[PDB]
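Just below is one structure, and these are the notes that go with it.
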Amino acid sequence: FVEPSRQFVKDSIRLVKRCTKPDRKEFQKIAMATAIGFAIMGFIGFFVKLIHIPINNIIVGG
Amino acid sequence: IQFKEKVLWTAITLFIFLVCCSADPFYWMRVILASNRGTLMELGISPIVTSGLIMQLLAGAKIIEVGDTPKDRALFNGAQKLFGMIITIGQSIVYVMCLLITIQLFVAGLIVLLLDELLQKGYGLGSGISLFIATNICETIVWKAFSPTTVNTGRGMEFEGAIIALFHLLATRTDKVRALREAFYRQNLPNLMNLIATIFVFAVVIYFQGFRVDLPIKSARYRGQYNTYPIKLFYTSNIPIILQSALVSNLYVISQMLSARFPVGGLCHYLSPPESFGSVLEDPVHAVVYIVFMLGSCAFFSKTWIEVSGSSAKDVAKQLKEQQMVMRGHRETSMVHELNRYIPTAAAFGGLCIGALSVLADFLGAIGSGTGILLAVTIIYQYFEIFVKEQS
Amino acid sequence: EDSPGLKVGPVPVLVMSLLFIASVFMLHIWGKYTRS
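Residue numbers (PDB author numbering), protein chains in the order written: chain G, 7 to 68; chain A, 26 to 46, 58 to 133, 148 to 312, 337 to 466; chain B, 61 to 96.
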């Protein structure tokens, strides 16, 4: 046997109980904010194709 | 200065990046990029991130160290610029051995290098490299759930393969029966269904980002004041956990054909099956040993990084001692004895979740990360609040 | 050279735009903006 494994497993999941932990309204406010940020980062892929594709080559059938 | 200014410096960089996008190439390189060089992309992130992490490994190492001077800062920046060209020349010459992109690449490494330094100074967090990572990841999740112009997996029965899209199938599918069930015609990976699962795993990581500890903390000479220290549960910024999982798979698989000069199927298979093969897998024992090996690897990169380039015992001790912090019931020194425990256990149990992002690929639609887009969303929480405070 | 500590101002913005426009248009062979 190896001592440390068993103790690292203790000292890791009781130190999540020293953390302040999410409250209901505060889980909502981060959780709302996430969904916005990634719809902005969405838009990059769609628009820039129409300037790219007919300049790069004409064989595309569109 | 102004929060109105501070957004302008972000628009500049935003729109510019928006138009823009061993002995073999690396896996992780594909992750951060999302075009693998287009016709205007001209490796827009690659050099900056390769240069910053080679240099951080050199810098953190005890042999040379950043002092408090202007001068070590200057040379570290200079050092990163010089590496960044080197890596792009090193790469690019190989694909040549054609007239158009070689000439263009040199003009495009002149844009990027000062630009990246326009958002570490002109904006607070993020970085130029962060903003780009976040956009490139968010890109490839959304394009396959709307209309891919290549092929739309999960549902088929068309062998056009060139206009098969999610919206395009939605029109033809109403003239027959549902395929929006748990039944699909060929079920390789239904792409509407893969997004529903994507946003689930995001939810459990942000829950643990709210987990962090703050301490109130007094000072030595005068006891009558109290300050604060925030201890963030996560460590190594999660970059050499995600990167180091990948770059050790490269150094086995490249070598196999290199050993031959001095076998794609069997050698790979028996050492590591890649990723999950579903909730039913494909291996009753080969997949198990791989997963257990993976989490061990990822847990171990964190415990080795902190001492030699990361923050641990000494790097935190140096910080407090400047302003002569002391504990209410104790002293300086013996905070250090309690973060000897915390830093390794928090760090590496942090890691065992950046690992359990990477194996998922059928409940996650991200191209490898995890880490890099999520550091971006945490940085939004910080700046979003700042904007609510000033507005109110 | 590398003597500048600060890297924000009007002037860097003009330099990034000026280059970005040659990259987009001048060197392309597809739209016949230079001939060989």
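We treat Cβ as the ideally placed atom computed from N, Cα and C, and that holds for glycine.
Pick out the complete alpha helix (DSSP H) segments inside the stretch 371–451 of chain A, 4 residues or longer, and give them in chain order.
The qualifying runs are 387–396 and 410–432.
Own chain residues within Cβ distance below 6 Å of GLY96 of chain A, not counting five before or after:
Numbered from 1 along the second sequence, position 60 holds the residue referred to as residue 96 of chain A. Sequence-distant Cβ neighbours of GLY96 of chain A in its own chain, meaning closer than 6 Å and more than five residues away, are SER383.
Please classify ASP60 of chain A: does DSSP put it in a helix, a strand, or coil?
Reading the second sequence from its first residue, position 24 is the one you call residue 60 of chain A. If DSSP states are grouped into helix, strand and coil, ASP60 of chain A belongs with coil.
Using CA coordinates, which residue listed in A:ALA440, A:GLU381, A:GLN154 and A:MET409 is at the minimum distance from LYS98 of chain A?
Counting from 1 along the second sequence, the entry for residue 98 of chain A is found at position 62. The residue with the shortest Cα to Cα distance from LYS98 of chain A is A:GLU381.
If you follow the alpha helix (DSSP H) that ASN113 of chain A is in, where does it begin and where does it stop?
Working through the second sequence from its first residue, we reach residue 113 of chain A at position 77. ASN113 of chain A -> alpha helix (DSSP H) spans 107–132.
Can a CB atom of chain A be found closer than 7 Å to the CB of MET86 of chain B?
Translated into positions along the third sequence, residue 86 of chain B becomes position 26. Proximity of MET86 of chain B to chain A, defined by a Cβ-Cβ separation below 7 Å, is not satisfied.
Near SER71 of chain A, which residues of its chain fall below 8 Å by C-beta distance, leaving aside the five closest residues on each side in sequence?
The residue you call residue 71 of chain A lines up with position 35 of the second sequence. Excluding residues within five positions, the ones whose Cβ falls inside 8 Å are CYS46 and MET77.
Measure the beta-carbon distance from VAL73 of chain B to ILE179 of chain A and round it to whole angstroms, keeping in mind my assumption that it falls under 8 Å.
Locating residue 73 of chain B in the third sequence gives position 13, where the first residue counts as 1. Locating residue 179 of chain A in the second sequence gives position 129, where the first residue counts as 1. Incorrect: roughly 19 Å between the Cβ atoms, too far for contact.
For the ligand HEM, is there a heavy atom less than 6 Å away from the beta-carbon of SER287 of chain A?
Ligands displayed in this structure: none; no statement on the ligand HEM is therefore possible.
Near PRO70 of chain B, what residues of its chain come up, given a Cβ to Cβ distance below 8 Å and the 5 sequence neighbours on each side ignored?
Taking the third sequence and counting its residues from 1, the one referred to as residue 70 of chain B is at position 10. Excluding residues within five positions, none has a Cβ falling inside 8 Å.
If we ignore side chains and look at the alpha-carbon of each, how far apart do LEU242 of chain A and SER432 of chain A end up?
As a first step, residue 242 of chain A must be located in the second sequence, where it is residue number 192. As a first step, residue 432 of chain A must be located in the second sequence, where it is residue number 358. Straight-line Cα distance between these residues: approximately 20 Å.
Would you check if the distance between the CB atom of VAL68 of chain B and the CB atom of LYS171 of chain A is smaller than 7 Å?
By one-based count along the third sequence, residue 68 of chain B stands at place 8. By one-based count along the second sequence, residue 171 of chain A stands at place 121. For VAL68 of chain B and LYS171 of chain A, yes; Cβs fall inside 7 Å.
Mind pulling the chain G residues with CB within less than 7 Å of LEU43 of chain A?
Taking the second sequence and counting its residues from 1, one reaches residue 43 of chain A at position 18. Against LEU43 of chain A, the close residues of chain G are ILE50 and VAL54, in the order they occur along the chain (beta-carbon pairs closer than 7 Å).
Could you say which of A:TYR63, A:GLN393 and A:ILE191 lies nearest to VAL410 of chain A if we only look at CA atoms?
Here residue 410 of chain A corresponds to residue number 336 of the second sequence, with the count starting at 1. If we check each option's Cα against that of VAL410 of chain A, A:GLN393 comes out closest.
Would you verify that the beta carbon of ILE454 of chain A is, or is not, closer than 7 Å to some beta carbon of chain G?
By 1-based counting over the second sequence, the position of residue 454 of chain A is 380. For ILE454 of chain A, the nearest CB of chain G lies under 7 Å from its own CB, placing it at the interface with that chain.
Comparing C-alpha positions only, which one of A:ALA233, A:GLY340, A:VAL255 and A:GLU412 sits nearest to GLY425 of chain A?
Working through the second sequence from its first residue, we reach residue 425 of chain A at position 351. For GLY425 of chain A, the nearest C-alpha among the options comes from A:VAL255.
Quick check on DSSP: helix, strand or coil for residue 88 of chain G?
Within the shown structure, residues of chain G are numbered from 7 to 68, placing residue 88 of chain G beyond reach of any answer.
So, using beta-carbon positions, are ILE183 of chain A and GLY446 of chain A closer together than 7 Å?
Residue 183 of chain A sits at position 133 when you count from the first residue of the second sequence. Residue 446 of chain A sits at position 372 when you count from the first residue of the second sequence. In this structure, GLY446 of chain A lies closer than 7 Å to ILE183 of chain A by Cβ.
Out of curiosity, what's the CA-to-CA distance linking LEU69 of chain A and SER82 of chain A?
To locate residue 69 of chain A, count along the second sequence from 1; it is residue 33. To locate residue 82 of chain A, count along the second sequence from 1; it is residue 46. Rounded to the nearest angstrom, the gap between the Cα atoms of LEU69 of chain A and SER82 of chain A is 7 Å.
Using a Cβ cut-off of 8 Å, pull out every chain A residue sitting near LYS27 of chain G, in sequence order please.
Position 21 of the first sequence, counted from the start, is the residue given in the question as residue 27 of chain G. Ordered by position in chain A, the residues that pass the 8 Å Cβ test against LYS27 of chain G are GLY260 and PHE261.
Can you grab the Cα-Cα spacing for the pair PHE53 of chain G / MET401 of chain A, in whole Å?
Sequence index remark: in the first sequence, residue 53 of chain G carries index 47 (1-based). Sequence index remark: in the second sequence, residue 401 of chain A carries index 327 (1-based). Rounded to the nearest angstrom, the two C-alpha atoms are 56 Å apart.
Exposed or buried, what is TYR285 of chain A when buried is set at 16 or more other beta-carbons lying within 10 Å of its beta-carbon?
As a first step, residue 285 of chain A must be located in the second sequence, where it is residue number 235. Counting C-beta atoms within 10 angstroms of its own C-beta, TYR285 of chain A has 16 or more neighbours from the protein chains shown and is therefore classed as buried.
Give a yes or no on whether the C-beta atoms belonging to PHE351 of chain A and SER18 of chain G are separated by under 7 Å.
As a working mapping, residue 351 of chain A is identified with position 277 in the second sequence. As a working mapping, residue 18 of chain G is identified with position 12 in the first sequence. No, Cβ-Cβ distance for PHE351 of chain A and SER18 of chain G is not below 7 Å.
Against chain A: residues of the stretch 66–79 of chain B by CB proximity under 9 Å
Of all residues in the stretch 66–79 of chain B, only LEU66, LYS67, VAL68, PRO72, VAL73, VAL75, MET76, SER77 and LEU79 place a beta-carbon less than 9 Å from a beta-carbon of chain A.
Give the secondary structure of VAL298 of chain A by DSSP, where H, G and I count as helix, E and B as strand, and everything else as coil.
For the purposes of this step, residue 298 of chain A is taken as residue 248 along the second sequence, with counting starting at 1. Looking at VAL298 of chain A - three-state DSSP - the assignment turns out to be helix.
When you compare the stretch 19–32 of chain G with the stretch 242–252 of chain A, are there three or more beta-carbon pairs, one atom per stretch, that lie closer than 8 Å?
Touching, no.
Residue-level contact to chain B via CB, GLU167 of chain A, 7 Å cutoff
Residue numbering aside, residue 167 of chain A sits at position 117 when the second sequence is read from its first letter. It does: the Cβ of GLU167 of chain A has a partner Cβ on chain B nearer than 7 Å.
Starting from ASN241 of chain A, trace the alpha helix (DSSP H) both ways and give me its first and last residue.
Translated into the one-based positions of the second sequence, residue 241 of chain A becomes position 191. From DSSP, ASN241 of chain A is part of no alpha helix (DSSP H); its letter is neither H nor E.
Assuming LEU169 of chain A and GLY159 of chain A make a contact with CB atoms under 8 Å, what is their CB distance in whole Å?
Here residue 169 of chain A corresponds to residue number 119 of the second sequence, with the count starting at 1. Here residue 159 of chain A corresponds to residue number 109 of the second sequence, with the count starting at 1. About 17 Å; that fails the 8 Å criterion.
Between the Cα of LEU89 of chain A and those of A:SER269, A:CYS372, A:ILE246 and A:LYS117, spot the shortest distance and give me the residue it belongs to.
As a first step, residue 89 of chain A is located in the second sequence; it is residue number 53 there, counting from the start. Closest in C-alpha terms to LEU89 of chain A, from the list A:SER269, A:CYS372, A:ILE246 and A:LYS117, comes A:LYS117.
Against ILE89 of chain B, what residues of chain A qualify as contacts under a CB-to-CB distance less than 7 Å, listed in chain order?
Taking the first residue of the third sequence as 1, we reach residue 89 of chain B at position 29. Correct list: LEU150.
Along the beta strand (DSSP E) that carries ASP166 of chain A, what are the first and last residues, could you check?
The residue given as residue 166 of chain A occupies position 116 in the second sequence. It is not in any beta strand (DSSP E) - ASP166 of chain A instead sits in the alpha helix (DSSP H) that spans 150–166.
Near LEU448 of chain A, which residues of its chain fall below 7 Å by C-beta distance, leaving aside the five closest residues on each side in sequence?
Position 374 of the second sequence, counted from the first residue, corresponds to residue 448 of chain A. For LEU448 of chain A, where only same-chain residues beyond five positions count, the Cβ hits under 7 Å are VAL255.
Cβ-based neighbour list, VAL67 of chain A, same chain, cut-off 7 Å, excluding 5 preceding and 5 following
If you number the second sequence from 1, residue 67 of chain A lands on position 31. Correct list, in chain order: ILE441, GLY442 and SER443.
Would you say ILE129 of chain A lies against chain C (beta-carbon separation less than 7 Å)?
The displayed structure is made up of protein chains G, A and B, and chain C is not among them.
Would you decide whether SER346 of chain A is buried or exposed? Buried here means 16 or more other CB atoms lie within 10 Å of its CB.
Here the question's residue 346 of chain A lines up with position 272 in the second sequence. Around the beta-carbon of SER346 of chain A, 16 or more other beta-carbon atoms lie within 10 Å, marking it buried.
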